[PDB]
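See below for the structure under consideration.
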Amino acid sequence: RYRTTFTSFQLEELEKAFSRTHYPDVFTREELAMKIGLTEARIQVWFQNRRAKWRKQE
DNA sequence: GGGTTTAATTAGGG
DNA sequence: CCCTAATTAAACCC
């Protein structure tokens with residue numbers, strides 16, 4: 001099973017995107033993908049896990 | 001190595 | 001496709 005090891009860069013940008021919105025549109029997601037060198041799919045997945053984590057800390 | 005985090009997958013909702 | 005909760009398993013880090 002391949003697992004992505006995100007760089008600190010990818011991670012800080014994912015988090016900055018998340019403060020902006022928990023549910024980014026397609027365009028936001030594809031723009032971020034071009035920026036940080038991840039697929040939209042992996043961003044979507046990161047966002048799924050980020051939202052469940054965020055949810056649990058309430 | 002093992003406990004914690006967390007990327008990825010599964011099985012469920014419309 | 002838009003998601004979820006729960007699970008699985010790999011990476012991080014002491």
Side-chain angles (χ1 to χ4, degrees):
Chain A
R1 194 144 145 189
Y2 177 70
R3 170 194 263 245
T4 298
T5 314
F6 293 123
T7 64
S8 49
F9 184 71
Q10 284 159 342
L11 258 17
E12 25 181 78
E13 292 297 325
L14 287 154
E15 288 288 1
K16 278 147 67 161
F18 182 82
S19 316
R20 249 131 40 181
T21 184
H22 292 6
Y23 293 93
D25 23 335
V26 269
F27 163 68
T28 317
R29 184 173 330 126
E30 63 166 76
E31 274 213 321
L32 219 198
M34 273 259 82
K35 193 174 159 168
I36 78 179
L38 295 177
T39 63
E40 291 178 52
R42 282 167 186 130
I43 281 166
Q44 210 161 178
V45 162
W46 186 90
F47 258 91
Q48 292 174 3
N49 290 313
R50 186 63 184 80
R51 280 189 304 263
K53 174 195 189 179
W54 180 85
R55 218 170 275 133
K56 283 164 79 287
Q57 58 86 205
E58 273 106 17

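Residue numbering restarts at 1 for every chain, and letters A, B, ... go by the order of the sequence lines.
How far CD of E40(A) is from CE of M34(A): 10.0 Å, rounded to the nearest 0.5 Å. To the nearest 0.5 Å, the span separating CD on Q48(A) from OH on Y23(A) amounts to 10.0 Å. Between the CZ atom in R50(A) and the CD atom in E15(A) there is a gap of 4.5 Å [rounded to 0.5 Å]. Taken to the nearest 0.5 Å, the CZ atom of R55(A) stands 10.5 Å off from the CD atom of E58(A). For the atom pair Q10(A) CD and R42(A) CZ, the distance stands at 10.0 Å (nearest 0.5 Å).
The two residues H22(A) and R51(A) come nearest to each other via the heavy atoms O-NH1, 2.8 Å.
In the 5' to 3' direction, nucleotides of DNA chain C lying under 4.0 Å from heavy atoms of chain A begin and end at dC2(C) to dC12(C).
In the region residues 11-28 of chain A, proximity to DNA chain B at under 4.0 angstrom, judged on heavy atoms, holds for none of the residues. Residues from residues 50-57 of chain A placing a heavy atom under 4.0 Å of any atom in DNA chain C, listed by number, are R51(A), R55(A).
The other members of the hydrophobic cluster of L14(A), by chain and number, are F6(A), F9(A), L11(A), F18(A), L32(A), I36(A), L38(A), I43(A), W46(A), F47(A), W54(A) (side-chain heavy atoms under 4.5 Å, ILVMFWY only).
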| note | Per-nt protein contacts along nucleotides 8-14 of chain B (heavy atom under 4.0 Å; B base, S backbone sugar-phosphate only, - none) come out as BS-----
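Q44(A) comes within 4.0 angstrom of sugar-phosphate atoms only, judged by non-hydrogen atoms across all strands, and of no base.
Judged by the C1'-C2'-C3'-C4' torsion, the sugar of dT4(C) sits on the north side, since the angle is positive.
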| request: Under 3.5 Å for both distances, Watson-Crick or G-U wobble, that's the pair rule; now give the dot-bracket for DNA chain C, with | marking pairs to another strand and [ ] for crossing ones. | output: |||||||.||||||
